[PDB]
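J.: Sequence plus experimental coordinates follow:
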Amino acid sequence: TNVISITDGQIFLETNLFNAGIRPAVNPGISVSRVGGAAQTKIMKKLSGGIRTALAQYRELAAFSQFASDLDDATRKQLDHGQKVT
Amino acid sequence: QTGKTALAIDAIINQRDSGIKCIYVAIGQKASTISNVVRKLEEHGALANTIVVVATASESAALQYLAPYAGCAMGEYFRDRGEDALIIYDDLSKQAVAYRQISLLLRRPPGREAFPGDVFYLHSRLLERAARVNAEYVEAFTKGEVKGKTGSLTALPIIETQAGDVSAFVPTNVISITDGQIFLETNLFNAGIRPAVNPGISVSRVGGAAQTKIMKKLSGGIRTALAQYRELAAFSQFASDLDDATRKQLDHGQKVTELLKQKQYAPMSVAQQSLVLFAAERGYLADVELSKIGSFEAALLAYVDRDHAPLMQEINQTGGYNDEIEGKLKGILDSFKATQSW
Amino acid sequence: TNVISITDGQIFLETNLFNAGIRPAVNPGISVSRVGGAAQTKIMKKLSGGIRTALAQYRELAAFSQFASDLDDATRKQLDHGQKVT
Amino acid sequence: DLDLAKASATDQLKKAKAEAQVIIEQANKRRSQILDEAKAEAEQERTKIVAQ
Amino acid sequence: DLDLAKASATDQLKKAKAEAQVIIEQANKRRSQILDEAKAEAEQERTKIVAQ
Amino acid sequence: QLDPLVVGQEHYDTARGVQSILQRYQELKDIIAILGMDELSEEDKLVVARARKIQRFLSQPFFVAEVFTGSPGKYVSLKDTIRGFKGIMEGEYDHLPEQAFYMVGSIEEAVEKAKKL
Amino acid sequence: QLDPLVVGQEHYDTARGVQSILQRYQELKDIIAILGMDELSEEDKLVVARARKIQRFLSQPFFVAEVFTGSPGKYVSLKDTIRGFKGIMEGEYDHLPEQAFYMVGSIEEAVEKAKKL
Amino acid sequence: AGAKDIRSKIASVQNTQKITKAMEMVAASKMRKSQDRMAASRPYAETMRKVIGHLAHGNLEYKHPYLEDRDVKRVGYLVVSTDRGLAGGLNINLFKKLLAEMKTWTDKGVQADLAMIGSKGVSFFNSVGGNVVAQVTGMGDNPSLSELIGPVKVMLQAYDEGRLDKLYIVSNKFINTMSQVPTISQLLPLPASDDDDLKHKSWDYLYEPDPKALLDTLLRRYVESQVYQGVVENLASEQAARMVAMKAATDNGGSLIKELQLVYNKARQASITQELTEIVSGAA
Ligand SMILES: Nc1ncnc2c1ncn2[C@@H]1O[C@H](COP(=O)(O)OP(=O)(O)OP(=O)(O)O)[C@@H](O)[C@H]1O
Ligand SMILES: [Mg+2]
């Protein structure tokens, strides 16, 4: 925490994801860049959008959407794209 | 932030007409809060009856540490002359901190949590000045000027516990010195229960011996109602599965608990508390719906104040209890429950 | 835990069994002798070879018991035998 | 049974009408007393503040 | 007709009840009116007697 | 000191019997909560009645608590304590209502108090 | 400053209602965590479904956070928010999905966001 | 917090995990016994339905109210629900299916009547203001046909009295140990379901005294037996759902222990450090 308080962001690499073959195991939702898109090339900024909140949402959505699911087509395409992305 | 100060200052306001003088001594608080509570004691009538002793957070440690003794010495002026006083040490948990600072700067050997050794003997010889002295000690002290009256100094120290933890050094000392405890819970305070007193772990070793006998009579049943509710409460999250023979108790508990909620700066005379507890003890609330209990209570307190005032006068003036009084109360409840509305 | 690391076993005396009337309240499973049967006279090494783990299992089977009437008697034989020996 | 039932039928109007009257005749006194006691407080507060 | 009397009586009581419940609300508001009047005339007085 | 050799078998067995009754009543409270009383066996309802009567009979009024409650105190000899609890467990006093045993003192005072209730 | 005598009854009462709901939702998270959401009473499922909306509607987009999220910031007036929370608590927006409330201004941007999913 | 609180919580959660594992075992046995009792029902219903084959929709016809598709002015439902919780979403999925279809029906202006088996549905529809006309409860894990005679008797008596125009049973269908599906399926007027007796034209019965008097009781008994079959399948489905739900809850507890023990170890270490730094930096 002392150092999270000094830097301009963090890339949090999570061991659960890393064991599941997801490498690099960048956990979106905790990791952030406090300078944000100001640093990106215009093309990259355009393409990416707020993608990381999209994957944060997908990953917490998978928290309830394993044993059951609801609104089960729009959540279904949300899950499909999130999975193909990851 | 659970109402520790509010409870003590309502205790002080309520003495605005009772003959008890009040002393409010503030340790280590910021001045613009002292000024605020004084402005509230001035709104209500209480300020003309009370002394305020202030040691703001900016004052040196010696003053913050000695303030409670300066307050006790001002309550003892009354005690030793046959009068009654009430003294409210706000945050003994900050006197203890000031004393720790003074000790560590004098290089005295530290104890647990770096508190010096004699921090028990610091509070012990402060709180044991709160006393009731028999009439003979008064006559001896006042050299015969006052006779047949017993002086008294009542203390209500306040303590603050981190994360509800009562096993720390200063809480565990003052819990050992005092005669009782009012445990204020932050969960009860969030859920809406205000004042948040936790009845299951609050105690008072003086107990019923200090009540008016009407209250002594009526509150015994509240103790048991809440105790049975606290034993049953675990099932509330499976309630639909329960049996009505227990559902009766498990709903009476909730209704009496919803009854003990109260608004701030609105003290009740003994007549009103006795009436409102009698109402719940004798089953009148068995059918009122939970969400309305408060409007029921308000309507009842209003009705009685105009249509039966002499009974309130009698109770408030004597606190007695009789089958006569019980009949009058049953009559009041009967007439109310039919001939009016909430 | 210092001493458990120094010695060659332990006899764990269980308060629950002692209050329940099982005296001596020796607790199987969690108690053990690391020299083992080398120290045990031959007849006892023969007759006792099963007791330990059979009881270790009975004590959990009889803990499953209370939430289950109508027991399979393939297990009721076991719950009777374990109770005999206990 | 015609007499016994029509007795209640002819009486309960009178009775419940009188009680609907009574409820309101109490509420009216409540309003009047509050418009009085707000006057009492109107004097009491101003006198307190001038003394202050 | 028994239950003509019964039902009309119950609703007639309820109407007396509601009429009381609204006789009270005017009372609470009038209190607020007159009490804030007293508050205004108290502050506005104090803050010039003291200036004097 | 609670073992037969020193307290005598009569005492030891009465004590262990009280413990057994109450230890079963603890089991049964949480059946009674979910299912209500009526689903118990005959002896289960009877164990419950005796457990509640024992639990009441262990209360007593003190000559020094005489100032909190007003009720006068009682001194109960050990003979009478054993005789009372054994009589309750055997089912001799099953015909008295529970409140006859609360704050009663000696066991005879239970059979007396039951009259006036 | 959260006193009826300062903020007026309606604002104080709305704030305390929101706190009561969120606390009741905390008290359920252990049973929900263990046994899953299906073992709740039929009225507790509604407490949970409203708390999970109140939590989102407490969210807001900020003018200084466009750097991070693109979405343009919002300014919400008090009058316009005590109404929204009074609404959600009273269950009159109780037909709208959770994600309708996430990162919006007044309650009317939520009712709009629901139409577009 | 502090080690001695968190270790107490870990202990209590491990105990909870014992409880739920025992319940999973129990439910897994009761499901087998209940589906044995589920397969001990087929012979009666199947032979009786073959009989009704020959007697009613045979080459010979008969004039029974319970085989003709008269007009729909109101509809009845027999609702099967568990007597016990912890079943997962079973009951509520079923009641939501029922409510959706009963809405679709009342959108044509028809009324509806409910007869409730099991107490959970009783409470639910008392809350949602359904029209419960009769109920039976407390059958538990020992359903019996004799107890069902009441409500089905009510519904039949209302059907032939004209007051109903169609009758449904709504219940869960046990398919796999891992999958049960809620179904609303019709049983009055009797469905057309193959069972052709064209092959059996070879013979006809001696009817004592007459075929109509029999056909009446045949159909009544047949409806009773299908209601019983439904109750028993729903019971086996309840047991399967409780088994799977307790499995999930035991794994949830098993993960919560992993979280609590990390918190506990952190507290253990912090308490050691803060004790030892208070001692050592006391000296001198
Ligand atoms: N009976 C009550 N009903 C409603 N609100 C109350 C009640 N009592 C206190 N409060 C509220 O709780 C808040 C905290 O009150 P208070 O400051 O007295 O608690 P505290 O323990 O003194 O906090 P601190 O320890 O910071 O002084 C106050 O804003 C007060 O309005
Ligand atoms: Mg304070």
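T.: Received it, and whenever you're ready, just let me know what you need. Numbers count the residues shown, from 1 in each chain, chains lettered A, B, ... in the order given. Ligands and ions are numbered 1, 2, ... in the order given.
J.: quick one: secondary structure of residue H:175?
T.: strand (DSSP: H, G, I helix; E, B strand; the rest coil).
J.: what's near enough to touch it?
T.: residue H:181 (C-beta atoms under 8 Å, 6 or more residues apart in numbering or on different chains). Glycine gets a C-beta too; all of them are placed from N, C-alpha and C.
J.: hmm, try it at 10 Å
T.: Going by C-beta atoms under 10 Å, 6 or more residues apart in numbering or on different chains, residue H:175 touches H:181, H:233, H:237, H:240.
J.: can you check residue A:54 too?
T.: Counted by C-beta under 10 Å, 6+ apart, residue A:54 has contacts A:28, A:48, A:78, A:81, A:82, A:85.
J.: Residue of the stretch 51-200 of chain H nearest chain B, please.
T.: The nearest approach of the stretch 51-200 of chain H to chain B comes at residue H:85, 5.8 Å away (C-beta to the nearest C-beta).
J.: still on that earlier bit, which ChimeraX command selects the buried ones in the contacts of residue H:175?
T.: Buried subset of the contacts of residue H:175, written as a ChimeraX selection, criterion 16 or more other C-beta atoms under 10 Å in any protein chain shown:
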select /H:233,237,240
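J.: Strands - which of the contacts of residue H:175 land there?
T.: Assignment to strands by DSSP state E places the following of those there: residue H:181.
J.: Would you indicate which residues of stretch H:89-108 are buried?
T.: H:89, H:90, H:91, H:92, H:93, H:94, H:95, H:98, H:101, H:102, H:105.
J.: With stretch F:15-33 instead?
T.: F:17, F:18, F:21, F:25, F:28, F:32, F:33.
J.: Go through the residues you listed and say which is closest to chain H.
T.: The nearest one, if we look at the buried residues of stretch F:15-33 relative to chain H and count by C-beta to the nearest C-beta, is residue F:33, at 14.4 Å.
J.: which among the contacts of residue H:175 are in contact with chain F?
T.: The subset of the contacts of residue H:175 lying close to chain F, counting by C-beta under 10 Å from any C-beta of the partner chain, is empty.
J.: could I get the contacts of residue H:175 as CSV with distance to chain C?
T.: Listed next are the contacts of residue H:175 as CSV, based on distance: C-beta to the nearest C-beta, whole Å:
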residue, distance to chain C
H:181, 29
H:233, 21
H:237, 20
H:240, 17
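J.: Among the contacts of residue H:175, name the ones in helices.
T.: H:233, H:237, H:240 (DSSP state H).
J.: The last one touches residue H:246, doesn't it?
T.: No - counting by C-beta atoms under 10 Å, residue H:240 does not reach residue H:246; the two are 11.1 Å apart.
J.: Which of the helices or strands spans the residue in chain D that chain H sits nearest to?
T.: Across chain D, no residue is closer to chain H than residue D:16, which sits at 29.8 Å (C-beta to the nearest C-beta). Using DSSP states H and E, residue D:16 maps to helix D:2-51.
J.: any idea of the angle that helix forms with helix E:2-49?
T.: Counting by axes from the mean of the first three to the mean of the last three C-alpha atoms, to 10 degrees, helix D:2-51 lies at 10 degrees to helix E:2-49.
J.: So helix D:2-51, near chain B or not?
T.: Yes - using C-beta under 10 Å from any C-beta, helix D:2-51 reaches chain B at D:19, D:22, D:23, D:26, D:27, D:29, D:30, D:33, D:34, D:37, D:48.
J.: Quick check: the residue in the stretch 101-250 of chain H that chain A sits nearest to vs residue H:24, distance?
T.: Closest approach between the stretch 101-250 of chain H and chain A, counting by C-beta to the nearest C-beta: residue H:248, at 6.6 Å. Here the criterion is C-beta to C-beta, to the nearest Å. By it, residue H:248 lies 10 Å from residue H:24.
J.: Sounds good, over and out.
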